[PDB]
Number of protein chains: 2
Amino acid sequence: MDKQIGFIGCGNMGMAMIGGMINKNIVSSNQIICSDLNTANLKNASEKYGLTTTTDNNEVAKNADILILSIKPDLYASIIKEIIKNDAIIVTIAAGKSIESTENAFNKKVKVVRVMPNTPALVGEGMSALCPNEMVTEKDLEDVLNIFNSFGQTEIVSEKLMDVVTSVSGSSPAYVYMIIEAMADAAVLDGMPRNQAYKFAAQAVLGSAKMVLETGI
Amino acid sequence: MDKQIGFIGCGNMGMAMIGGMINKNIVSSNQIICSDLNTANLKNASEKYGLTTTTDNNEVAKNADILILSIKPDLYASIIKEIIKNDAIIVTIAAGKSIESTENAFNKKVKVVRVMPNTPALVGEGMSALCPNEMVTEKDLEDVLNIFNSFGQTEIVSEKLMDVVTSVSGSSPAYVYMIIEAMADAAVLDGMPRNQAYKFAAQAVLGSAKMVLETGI
């Protein structure tokens, strides 16, 4: 896409999203601008991707066709705008704040997509739940999906199920770590080196999950 | 590679390997020849990939620089050759037969790589253990790794650990199905549609496993 992408917040999750978009050739680095409250994060974004960085959240929002907000739930009210483009798509992540809440911060009729991504986005295997408001068009939604598809899978869900979404992704790590450790320990006891054992176990788990994902619904 | 690839056996696993190699541009379909005892399998290979098929296992072996054997463990002794190229790499899959055993069937000094792949190769997320004999060169091994890398991960293991390899991949499906079902059921009880619930659960598991695979050894 020829869209300008703006990130308010560029810690681990922002970096993950930018990495996906570049890896999948969805946008070029010269189409991305970011801010963060932490200077080390700006430095990391700049040095890794070569994108435009700024200390002014207004410079990010000024030209952004898609504006991604990845800040503390507690900071939302503060950051949220008269400078945003009239047709900008606002994307809120690490949902803890509803679409209603975000609409009432901008006041006006604004396009909003509330998203709940998860940690494995960091390795290109995220699961992202998206919920658009009524201002978002079919093409607008397609653009946001293309972004989240670049580092994981995506699903459209009602806002009422976002709680259920958090539950799934909050539980998975413990469940997975337990079965990987079990398989890896059994292998180590049978003579396999530990680093090799974890690789076999993790990839075995990943492959079985992919089988379920792709075959037998 | 400019190598001719030969498959004796082209059921699910052969099809998986061919699909990976084509998907990753490792070889073109015009570099692949296959046989199988089952006519429906030959038909499937031909119609899906457009490769050369034959009812003669000798025609497969005649020109193959890499010969992949994916038949019944019970059929190995029968199929195994004076026609094979002098420098051909013999790849045995679904290991139940040792390198020693395969060497003694060919009689001569033959290059052999015993491989143990697993079902999720079918979806591009296999875990393959490889063990070469002393005739295989560094470049020979690299070529075989490139093939198995095209539908999964790979590891070089001693033959004594192949038993451990079978154990890991034989146990994973039950462990994974149990945690995916658990997560999916909890989501369904909380109002999420079942097909959506399985997608979230499976991708959550896949992502956590990828995190272990990539970060923290």
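Residues numbered from 1 in each chain as written, not as in the entry; some residues may be left out. Chains lettered and ligands numbered in written order. Heavy atoms only, no water.

Per the deposition metadata, X-ray crystallography was the technique used to determine this entry, at a resolution of 2.00 Å.

> Lay out the relation of the copies chain B and chain A in plain terms, naming residues and giving numbers.
Under the fitted operation, chain B is carried onto chain A by 0.0 Å of movement along the axis and a turn of 180 degrees, and the coordinates agree to an RMSD of 0.0 Å. Those values place the two copies in the arrangement expected of a two-fold rotation axis. Residue B:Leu206 of chain B places its C-alpha closer to the rotation axis than any other residue of that unit, at 2.3 Å. Comparing contact sets, 100% of the residues at the interface of chain B also lie at the interface in chain A, consistent with an isologous, same-surface contact. (Least-squares fit on C-alpha atoms. Contact = heavy atoms within 4.5 Å.)

> If you had to explain the domain arrangement of chain A to someone new, which residues and values would you point to?
All names here are of chain A. Looking at the assigned domains, one finds that chain A contains domain 1 (2-157) and domain 2 (158-217). Once you take the C-alpha centre of each, domain 1 and domain 2 turn out to be 28 Å apart. Contact residues are listed per partner, giving 11 residues for domain 1 and 9 residues for domain 2. Of the roughly 860 Å² buried between domain 1 and domain 2, counting both surfaces, carbon and sulfur atoms make up 63%. Looking at the side of domain 1 facing domain 2, the largest losses of area belong to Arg114, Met116 and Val157, adding up to 54% of the total buried there. For the pair domain 1 and domain 2, the interface holds 1 salt bridge. Salt-bridge contacts for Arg114 lead to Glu159; the nearest nitrogen and oxygen are separated by 2.8 Å. (Domains from an automatic or database assignment. Buried area = accessible area lost by both parts, 1.4 Å probe. Salt bridge = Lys/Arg side-chain N within 4 Å of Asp/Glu carboxyl O.)

> Give me the lowdown on the pairing of strand β7 (residues 126-132) of chain A, citing residues and values where you can.
Residues and elements named next belong to chain A. Along β7, 6 of the 7 residues are buried, which leaves the element largely enclosed by surrounding structure. Two strands pair when backbone bridges link them, and strand β6 (residues 111-116) and β7 are joined in this way by 4 bridges, in the antiparallel orientation. Along β7, the bridge assignment pairs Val115 with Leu130. In the sheet, β7 pairs with strand β8 (residues 152-156) via 5 bridges, with the strands oriented parallel. In the sheet register, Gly126 faces β8, and the bridge partner there is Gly152. Taken together, β7, helix α6 (residues 138-149) and β8 constitute a β-α-β crossover, and its handedness is right-handed. (Buried < 20%, exposed > 50% of the residue type's maximum accessible area, 1.4 Å probe, protein only. Helix = DSSP H or I, 4+ residues; strand = E, 2+ residues; numbered from the N terminus. Pairing = 2+ DSSP bridges. Right-handed = clockwise from strand over helix to strand, strands pointing away.)

> Please give an account of the pattern of salt bridges that cites residues and values.
Summed over all chains, the structure comprises 24 salt bridges over all chains. By sharing partners, the salt bridges in this structure join A:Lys3, A:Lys139, A:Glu142 and A:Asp143 into a single network.

> Give a description of the sheet that holds strand β4 (residues 66-69) of chain B that names residues and reports values.
The strand order across the open sheet built from 8 strands is β3-β2-β1-β4-β5-β6-β7-β8 (chain B), with neighbouring strands paired in mixed fashion. If you trace the sheet from one side to the other, it starts and ends with β3 (52-53) and β8 (152-156) of chain B, each paired once. Across 4 bridges, the pairing between strand β5 (residues 89-92) of chain B and strand β6 (residues 111-116) of chain B is parallel. Looking across to β6(B), one finds that B:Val91 is bridged to B:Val113. Sitting on the sheet, helix α8 (residues 194-214) of chain A touches β7 (126-132) and β8 of chain B, and the angle it makes with β8(B) is about 155 degrees. Packing of helix α5 (residues 99-106) of chain B onto the sheet brings it into contact with β5, β6 and β7 of chain B, and relative to β6(B) it is tilted by some 140 degrees. (Axes fitted to C-alpha atoms, helices over the stretch in contact; angles between N-to-C directions.)

> Could you give an account of the packing of helix α1 (residues 12-23) of chain A against helix α2 (residues 39-49) of chain A, with specific residues and numbers?
Residue and element names in this part refer to chain A. Where α1 meets α2, the closest approach of the two axes is 11 Å, and the angle between their N-to-C directions is 15 degrees. Taken as axis vectors, α1 and α2 run roughly parallel relative to one another. Once α1 is placed against α2, the crossing between them reads as right-handed. Where α1 approaches α2, its residues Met15, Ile18, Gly19 and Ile22 are matched on the opposing element by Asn44, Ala45, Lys48 and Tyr49. Class assignment for the residues of the contact of α1 with α2 results in 5 nonpolar, 2 polar and 1 charged. (Parallel < 35°, antiparallel > 145°, perpendicular 65-115°, else oblique. Left-handed = near helix turned anticlockwise from the far one by under 90°. Nonpolar A, V, L, I, M, F, W, Y, C, P; charged D, E, K, R; others polar.)

> With reference to specific residues and values, describe helix α7 (residues 162-189) of chain B.
If you check α7(B), its first and last C-alpha atoms are 41 Å apart, about what 28 residues at 1.5 Å a residue would give, namely 40 Å. Among all positions of α7(B), only B:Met162, B:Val164, B:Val165, B:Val168, B:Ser172, B:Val176, B:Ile179, B:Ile180, B:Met183, B:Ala184 and B:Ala187 are buried. Buried-residue contacts for α7(B) involve α7 (162-189) and α8 of chain A together with β6, β7 and α8 (194-214) of chain B. (Expected span 1.5 Å × (residues − 1).)

> Would you mind going over the interface of chain B and chain A in detail, with residue names and values included?
Taken together, the contacts link 53 residues of chain B with 53 residues of chain A. Summed over both partners, the interface of chain B with chain A buries about 5000 Å², with 78% contributed by carbon and sulfur atoms. For the chain B face of the interface with chain A, the top three residues by lost area are B:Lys199, B:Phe200 and B:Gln203, together amounting to 14%. In this structure, the salt-bridge partner of B:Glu155 is A:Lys199, at a minimum N-O distance of 2.8 Å. For the interface between chain B and chain A, the tally reads 16 residue pairs in polar contact. Per-element tally for the side of chain B that touches chain A: the top contributor is α8(B), with 19 residues. The residue inventory of the side of chain B that touches chain A, partitioned by class, reads 34 nonpolar, 13 polar and 6 charged. (Polar contact = N/O pair within 3.5 Å; in protein donor to acceptor, adjacent residues only side chain to side chain.)

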